[PDB]
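A.B. asks: Starting off with a structure, shown below.
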Amino acid sequence: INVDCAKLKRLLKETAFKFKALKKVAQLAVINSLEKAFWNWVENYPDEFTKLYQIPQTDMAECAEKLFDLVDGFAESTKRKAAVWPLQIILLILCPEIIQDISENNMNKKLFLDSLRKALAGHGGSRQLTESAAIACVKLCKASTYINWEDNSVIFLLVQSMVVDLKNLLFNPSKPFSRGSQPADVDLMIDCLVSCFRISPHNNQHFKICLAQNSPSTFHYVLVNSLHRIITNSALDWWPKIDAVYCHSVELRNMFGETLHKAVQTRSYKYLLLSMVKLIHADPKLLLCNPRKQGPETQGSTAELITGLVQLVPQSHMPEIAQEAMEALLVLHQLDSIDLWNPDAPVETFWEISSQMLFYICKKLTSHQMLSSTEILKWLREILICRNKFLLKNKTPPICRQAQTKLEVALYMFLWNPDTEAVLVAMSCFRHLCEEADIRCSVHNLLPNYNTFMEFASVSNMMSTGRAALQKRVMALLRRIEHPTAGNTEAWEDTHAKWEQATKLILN
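Residue numbers (the entry's author numbering): 183 to 285, 291 to 452, 486 to 615, 676 to 721, 727 to 793.
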């Protein structure tokens, strides 16, 4: 439920005065709800928590102390004590004066708080107390990033955060004993890392310990997920940002290379690659706002990245990854992002890599029939539009006419495709091809059969019916063309070869 500050006071007051003698197993779920609602109160209301640290409403603390006392009595230092500790911590955050006071009756708070530090180093005790202390401290760090430099617990934050009692339990390159139910609570991990970044942006040890190659790739998954979170969940901790992260980038475009090489051939590499391609979808600049090794021409870095993406779209072993690779390659082709592909002379490198990408796509597409093919075909539509705009925003075929002809080879070869959708999409995107030829220039000697292509646009956008009637319409418009082309002839020969194998197969 939604909970505001006065509403929170009402909730905790009501639960407080009736919180006597309630059932312990009932009180466990009560404590869990009391934990959960506080975060919603944090997230929806931006600055009311800020106000708490300027004008202390002592009524909230007075209400919270009774809950403190009964829950502390409820522990008896048992396993239940663990379930005390997270909500227990939140409470202290809700008493700004007793934090300075704790560092007569307030001595009771000391008997967990120092004990908290005593359990934060994992000194003695059990694993359960250690884990619960870690969860509580992570929630503490997550809370205190909403404070704006009042320094009440920011000094206490610096005490318990950059201590290895927080780090070396979680960010330890070896001994990841974290828990047994899950290999590592990546939500716990991500909250600790993200909070530590948004406290000290220019500190870089915690980035370094996970971006190491000899570091286990679980840390790498944590890092890429955390970067996606920083990309998305903005406006809170608004003063840190990814701009300091921009420079620390070369090992990312490297790590993409090694992980892609592994994913060509445990099993979590798939999830890790999925996360990285999702991040590339999230922000284009990060992998390429870098020292441009694309500038060196022996192997262009941005070109290498694009080819590494393109190697994934035809493969159906990892179909969902193909869906976001699809999307990411679409996003890189945006009007702003392509300028980032090369700081200097972006036009040549952009056109070369776009021509190479269409060549590889059309060759692999005409090579064989795949299940995703129609979707891939739809993708080509958008790709064409973007590069069309590019030339219009700009106003040479070493390879461009080769991939150009290989495009309409695929268009004609899908004009016979059994599925209706592929026929509609190809017969639609013929207009994009002819409109590109229009933007190139009149006489249209560069592209013959132009009026037939406009007629393809019309026959695309009258009507949708059964397969047979559109087949006759396609037959008629194919009959109506008159000027031979290399692409037409090549498509005919390829279809003839396919027909020979098909008929030989059918007869036997």
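Positions of the beta carbon are idealized from the N, C-alpha and C atoms, including for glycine.
Evaluate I183 with the Cβ neighbour count: other Cβ atoms within 10 Å of its Cβ, from every protein chain shown; 16 or more gives buried, anything less gives exposed.
C.D. replies: exposed
A.B. asks: Please classify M707 as buried or exposed, where buried requires at least 16 other C-beta atoms within 10 Å of its C-beta.
C.D. replies: buried
A.B. asks: Could you round the C-beta distance between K584 and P534 to whole angstroms and report it? I think they count as a contact, below 8 Å.
C.D. replies: 5 Å
A.B. asks: Would the stretch 314-334 count as touching the stretch 345-360 if we require 3 or more Cβ pairs under 8 Å?
C.D. replies: yes
A.B. asks: Compare the Cα-Cα distances from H501 to each of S436, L550, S319, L439 and report the closest residue.
C.D. replies: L550
A.B. asks: What number of angstroms, rounded off, separates the C-alpha of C277 from the C-alpha of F256?
C.D. replies: 21 Å
A.B. asks: Please list the terminal residues of the continuous alpha helix (DSSP H) segment that includes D283.
C.D. replies: Per DSSP, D283 belongs to the alpha helix (DSSP H) from 278-284.
A.B. asks: To the nearest angstrom, how far is the alpha carbon of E716 from that of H729?
C.D. replies: 11 Å
A.B. asks: Which of the three DSSP states, helix, strand or coil, is assigned to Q554?
C.D. replies: coil
A.B. asks: State the CB to CB distance for the pair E337 and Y235, rounded to an integer number of angstroms; the pair is presumed to be in contact (CB under 8 Å).
C.D. replies: 5 Å
A.B. asks: Apart from the five residues just before and just after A320, which ones in its own chain have a Cβ nearer than 8 Å to its Cβ?
C.D. replies: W267, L303, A306, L307
A.B. asks: Is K783 near the ligand FAD - that is, is its Cβ less than 7 Å away from at least one heavy atom of it?
C.D. replies: Absent from the structure shown: the ligand FAD. Ligands present: none.
A.B. asks: Counting only the same chain and skipping the five closest in sequence on each side, list residues whose C-beta sits under 8 Å from that of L252.
C.D. replies: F201, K202
A.B. asks: Hey, could you find the ends of the alpha helix (DSSP H) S402 is sitting in?
C.D. replies: It is not in any alpha helix (DSSP H) - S402 carries neither H nor E in the DSSP assignment.
A.B. asks: Output yes or no for whether 8 Å exceeds the beta carbon distance between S495 and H415.
C.D. replies: yes
A.B. asks: Classify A545 as buried or exposed, calling it buried when 16 or more other Cβ atoms lie within 10 Å of its own Cβ.
C.D. replies: Here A545 is buried, its C-beta having at least 16 other C-beta atoms within 10 Å.
A.B. asks: At which residues does the alpha helix (DSSP H) containing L249 begin and terminate?
C.D. replies: 240-257
A.B. asks: Under a Cβ-count criterion, where at least 16 other Cβ atoms within 10 Å of its own Cβ denotes burial, should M577 be classed as buried or exposed?
C.D. replies: buried
A.B. asks: For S436, which residues in the same chain have their Cβ closer than 6 Å to its Cβ, ignoring the five residues on either side in sequence?
C.D. replies: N510
A.B. asks: Counting C-beta neighbours from all protein chains within 10 Å, is the total for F199 16 or more, i.e. buried, or is it exposed?
C.D. replies: Its Cβ having fewer than 16 others within 10 Å, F199 is exposed.
A.B. asks: In whole angstroms, what separates the C-alpha of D372 from that of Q756?
C.D. replies: 57 Å
A.B. asks: Quick check: the stretch 191-198 against the stretch 291-299, are at least 3 beta-carbon pairs closer than 8 Å?
C.D. replies: They do not touch, by the three-pair rule.
A.B. asks: Under the assumption that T700 contacts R752 (Cβ atoms under 8 Å), give the Cβ distance between them as a whole number of angstroms.
C.D. replies: 6 Å
A.B. asks: Below 7 Å CB to CB, which residues in the same chain sit around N736 once its five sequence neighbours on both sides are set aside?
C.D. replies: none
A.B. asks: How many whole angstroms separate the CB atoms of residue 795 and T446, which I take to be in contact at a CB cut-off of 8 Å?
C.D. replies: There is no way to answer for residue 795, as the model of the chain reaches only from 183 to 793.
A.B. asks: Confirm, please, whether the CB-CB distance from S593 to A702 is below 8 Å.
C.D. replies: yes
A.B. asks: Given a cut-off of 8 Å on the beta-carbon distance, is the pair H712 and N608 in contact?
C.D. replies: yes
A.B. asks: What number of angstroms, rounded off, separates the C-alpha of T676 from the C-alpha of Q400?
C.D. replies: 42 Å
A.B. asks: Alpha carbon to alpha carbon, how far is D424 from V432? Give it in angstroms, no decimals.
C.D. replies: If I take the Cα positions, the gap works out to 15 Å.
A.B. asks: Evaluate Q519 with the Cβ neighbour count: other Cβ atoms within 10 Å of its Cβ, from every protein chain shown; 16 or more gives buried, anything less gives exposed.
C.D. replies: exposed
A.B. asks: If the criterion is Cβ atoms closer than 8 Å, does the pair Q315 and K261 meet it?
C.D. replies: yes
A.B. asks: DSSP three-state label for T750, please.
C.D. replies: coil
A.B. asks: Just confirm the distance between the C-beta atoms of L525 and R440, as a whole number of angstroms; I'd bet it's less than 8 Å.
C.D. replies: 6 Å
A.B. asks: If you compare alpha carbons, which of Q239, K189, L204, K354 is closest to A219?
C.D. replies: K189
A.B. asks: Report the three-state DSSP secondary structure of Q543 (helix, strand or coil).
C.D. replies: helix
A.B. asks: So is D503 buried or exposed if we call it buried at 16+ other beta carbons inside 10 Å?
C.D. replies: buried
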